[PDB]
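Naming follows writing order (A, B, C, D and E), and every chain is counted from residue 1.
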């Protein structure tokens, strides 16, 4: 429901000499907050007892807003403190979850960097797939039912698994059932897709509304448990084990793509951005991620996407190979975001970047 | 054919107050170009429609020379524009390929950073092997024919494969034949070598003719498709698949060697450089790479080498652990190259570094 | 035996205007030395013929103390040169080994950064396990004998191996016996523990006595041979091989943890530090490492620890994502150590950091 | 005559990927050019034999356009080279003079940073005085004729002189006549004004059209010959001399104002800018200078002004006390100008800053 | 009256995770505030309508506390806002004046950087002279009455004047009387001292309680009106004028002393600091200034001193020749102060630096 005009009129009651930057103490905040500081902003970190330390030892947050549980960040109490601090909020991962995405779309009355509406088109696999499909991006083939399985597939609902046949599907579905990890409910709605075999590049872009431009900021590959520990076990020993792959994100590892694939990489960000404009105006605002896999035909296949800032950006908080190129600075995505805010304020174009 | 005296006399007609740096928009250019800019140079990027974007959004090239296809970079038209811009060319990967290595050795009349002649000793496995062998470097054992196969071997001609027996060789050779990936022609000339099992360090060195010194700039490990995606599949599931490993370079990942192996690492660069002096004078000039594997006996075995700048340097465009040590700067290899140029110009020693 | 008062009285005869920083040319020294230089210190590198080059080409050491073999660093001759240079020694890895840990605890009369006593609690698996256990840290389950083996286990004594049964244990123990890699002596004392399956984070902390605070400096994952080369071989091909995993450290790869796990990460450093205070006063001083594995339940399990600086810090000599956050500098662990020294000298608190 | 639309249509035929920055090798160019380089621009310096060295040894210009005499910079030949290089021209001091201000206002068909029209309102004392007067700025009292002289006055036409009476006026007018320094022509048009006695602050501002804001960049005091050498002679000795003060600008000396006078300083820039908008639209664009004198009542009296960049900015090419405050950078005025250009290009607002 | 224990107990109720730095928008604040920001602090500027602009355009203050008149900064309302923001106050010049020094010594209940008590020993010429005299510093000779005048003297009470005889004294005293500038009241209390003829060095020191050390930060020479404008008038013309010298501080100019005089310069800071310890414990804390004159015998004579930060530090907000030497940074005095605060907080030694 949340209107833009409704948000622009909250921002107007804002002391424009004292715009702070706020976000939740988790996910990507360290460099969101550090990046604000580096751009001259004072930073507000929503945190809680037990989860505050890293924001305290990294000296990255000027003001803390402590909650009892991160769940409370939907409360009017917290929204008020945030408005009283003239904070623009930088959403992420974790913020959407603890706040709840409905609360974010119509209950969270705090100005927010980026296109609010577009946060749903990422929460929903149908919307996400629509966008990537309509944008004209390579996605893994979808499979309506386990009977369609005609190659290796991955099956999504931690409870992930791999299958090369309909038979293998239920064999495994059953396994994860008789072990409590999967309920017949999840198994019914199971999303089955082509298992793309290749190299992982989670590619972090920044669309600048001010500059009307898609920028490449960086790239990481996921570091997942247990899978990445599983495959570090020799095949002989893996076969002697009764173990299921899990794919819990635990970290990220820096990587750079082959330079001749940047034209492809940029086109992918352009296309996505150009279609998101039509489907969810104003479209992709600020940071977004294409989580892709490079098959052996040097084709990047997008198996997931983020419409906010993605966790992999943590791999370059001190800047990386790509973010450096612009101005030879240790530029993080957090800071890149802070700059857009800064510059928008300075050109009186805050309406191009908040919602 | 291209003479040095012939090149020095092209460079003389050059406005020495306006030396630019040129290269082709691909492979390693981003930091070749950015590194020039950082050293005060104005940069020329040879590019083409559709492949130009990343050099435009990274603001890394002052002048573009657009071609219809990168193939045209052999044309006299392009050579002239380059000479008229007082450009020293920085070769790479991609440049050799689109230009063609014959054209580079006797048809490309533009001054070029590094030892021109030595670019062949990298194109040819016989020369390369000679050099590494004569330099005194550990290389994987070669195998004349599939009958000699007495361990695990890798077989080179994308169409790579692994074999642990003569039988397995043809079994697989056939596989890649009946699937169009390999023609009996490639299979006949198949290069078979010891499969070295260990950790990948692509080690980037810089020989400075001015300083007469081998420098360590950085290290990456290859990120290859589909192999690195293949091995991320659990053994159980891999066995249920009918899939062949491919080894297409798609990216690079930063790594540092165990410090006690740097003496070995430096000796390897010294030896290579000292033998390349005798075999292909003036020898290794500027950037070169030993693509090695560290076996469990902490011995680095070189399975490949580059005599120009290697793609892995992209892993440290914002500088890395090793390039930092010299002056605490975010030093890339591109910039290290620009500096040599700069300094050579300033000491009037351009003849120690171009050809 | 070495007393603190005994060490403080060596340091007093020191020219406090000329404190140098010394360490051994290996392990982590490059950034220990570079970090000293960056903090204004003059640096002393103990080296030897053939192992000196990298410290010479990296221009990181002001004075070399050449030995015939690194073994000699216990000699009174070397201790004297070091005292005459007013050097505080920064221990590491390699230093403990060549010097010998007994020699370090009671024969090495040179001031040393960090808690001397605590270097043993890392050399001994019983002490180490006590500390991690008492600190309240997750460790892999221990197994008294091969008969207790009831899951996958790893077995430690290069000569490492994996087992999923008592039968498999001896099958493999025998293998490594009949191949000379393992003697019945090692096999008897074999340490058997739960094979933790997950993502490797070697987490580098710095306890500051001055600031009384645990800082997070960085993280790497080990790059080991042959294992990490072994698992890069396709399962089908691995099965056709007769090859044993080895786990020789050859390098390190940068990684960042999922941000929501930093509270856990910091608590682990706090707990360790708080227990080391009681067990080995003054406790953990300066750099220490928890070498952990993140299981799929996002629990970090510590399978090893260093009480001095760990080799992985080499992954961020030009600084990393975490070290950056403090002051936006390319901060290495070597430099972080130099700073503590510097600052201790300046506040006249050298007794909080040497021993 | 020169139209804006006329200029915007020259700029359109410009390759927007290759905008260079050009100016004349003199006056303030060193930091105009260096500041461009630092912002990523390639720089064009118009120079001539004998006057080129400092731009060559400072490595500040990528391309030189040599003229026979700086006078030629009006020629169509030079305008074409400049248009072909996609150069935006940055006017100064010296450029106006050698080019001639008429040629600049209607004959110089090269895009130019800042408000073209406003360059006249600085060439003419009547316009200048109007502006400062209408802006509401303190100026020294004007004196119609030598008979009005009722205090100390300075008299302007090198040929300057000071008078405290009508009698003294002609006494001195005669002196400079019978010595050839002044012709009866100059003496007739002599401008006579109140001699303001106080401290010199030449205050360099930057109006940003993008940010719609007046910024304080720096301050210098003039270093003039012979006056500043004259007054360094003891009074006793000066009286024994027959010497006339001259006021030839030879250099500049850095100074900072008393902080409590910055509100006054900023108001002066605001007022000037706000009136220049009405009188000469778009008004003051970019760099301008109020050359003032602080009387003992802490009132700043403007005795001169520049509507382009003023020579004093040379006092802070490595940045100064005020330019630092914004981002802690060594920010020069040249660079501040380059940034505006850069940013205007990036927001597609080149029409707010060229003419 | 204000107690330390009384202040330490205000600071305890402070959120130690959110210490801000506050001061008054004037005098030296720009670099006090900027220096805080650079050290990670969030900054509070007390300002008022009309005087706020420079702190707004320099983006140097995160939070403004607007007053109706700077006088109000004594109000409990303002003290509360400041305590609620966890602000340590950095006194200066302007702050003492608007707040009133009595209010500062016993009515201003906000923690304050430096030794509170010592602010009086600077307000009073008797205390100041005692300190400089007892410290063992060269001061100009004092003159009890105009009859003692036996050389050139300067006479202090804007209303300053110079005299070389008793006769000249009253001649001039009368002049400034019959012109309203001096009342018989001021003339009675007139302070008469030796006119020291030499070069002005206002020398800015920083005593660090943490480091127990006097540091040299920088040096400026005063730029005063009308005197410095007066002496720029030729002697002949000055004699034709009826003008009185005034000495209103309007600005500052950077200068460096002859290096061989630094031993003297440092001794002067040591002595002052060592005597201030005895006379006003804890003594000189943080920034202080010796405003001296170098006579021709290379002896520095202190004619004034500041016990807080002096306005001349504005001459090096981007750092200067001396502040650079420590760490090669553009270190201002504001930042040097912020660092002491930072570091004191980090070593839990806030009691060594506040009062």
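What we mean here is this: a contact is a pair of C-beta atoms (placed from the backbone, for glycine too) under 8 Å apart; a residue touches a chain by one contact, two chains touch by 3 or more.
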Equivalent of C-E within the choices A-D, B-C or A-E, defined by over half of its residue contact pairs recurring: A-D
D-E or A-D, whichever has more C-beta pairs in contact: D-E
Distance from the mean Cα position of chain D to that of chain B, given in whole angstrom: 52
Rounded Å distance between chain A and chain C, as computed from the means of their C-alpha atoms: 35
Rounded Å distance between chain C and chain D, as computed from the means of their C-alpha atoms: 62
Touching two or more other chains - residues of chain A: 40, 59, 213, 228, 230-231, 233, 235, 238, 253-254, 319, 330
Residue ranges of chain D touching chain A (in the complex, touch as defined): 40, 210-213, 327, 346-348
Of all residues in chain C, those that touch chain A in their complex: 152, 162, 164-165, 168, 195-201, 213-216, 219, 221, 227-228, 230-231, 233, 235, 238-239, 245, 253-263, 265-267, 293-296, 298, 319-326, 328, 330
Chain E residues within the chain D interface of the complex: 26-31, 34, 38, 50-54, 57-60, 94, 158, 223-226, 228-238, 240-241, 243, 246, 248-254, 311, 314-319, 330
List of chain D residues in touch with chain B within their complex: 17-18, 20, 37, 40, 42, 56, 59, 62-64
